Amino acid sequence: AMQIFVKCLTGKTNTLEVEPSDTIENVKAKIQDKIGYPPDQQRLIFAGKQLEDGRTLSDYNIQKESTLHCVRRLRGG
């Protein structure tokens, strides 16, 4: 397990526990279940790259304490 952070709501940084082998799609779904957002059609962003759904966190070298963010932020927290 590793802890990562996501910036998808305007008022709040969410915290997730994930594994390097998790797919981007699964991670996004986990965020979506938690906060209602981002939609499946939106790609997450990490270090200037728009992440592809079928790759894993490890494919992108996403390690403990990384922060991902959404292209658009939902209002709230």
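Sequential numbering from 1, following the sequence displayed.
In this entry, 43 to 51 shows the higher mean Cα temperature factor of the pair 43 to 51 and 28 to 36. Here the stretch with the larger average CA B-factor, out of 56 to 64 and 16 to 24, is 56 to 64. The deposited CA B-factor of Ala1 belongs to the highest third of values across its chain. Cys8 sits in the middle third of its chain by CA B factor, as recorded in the PDB entry.
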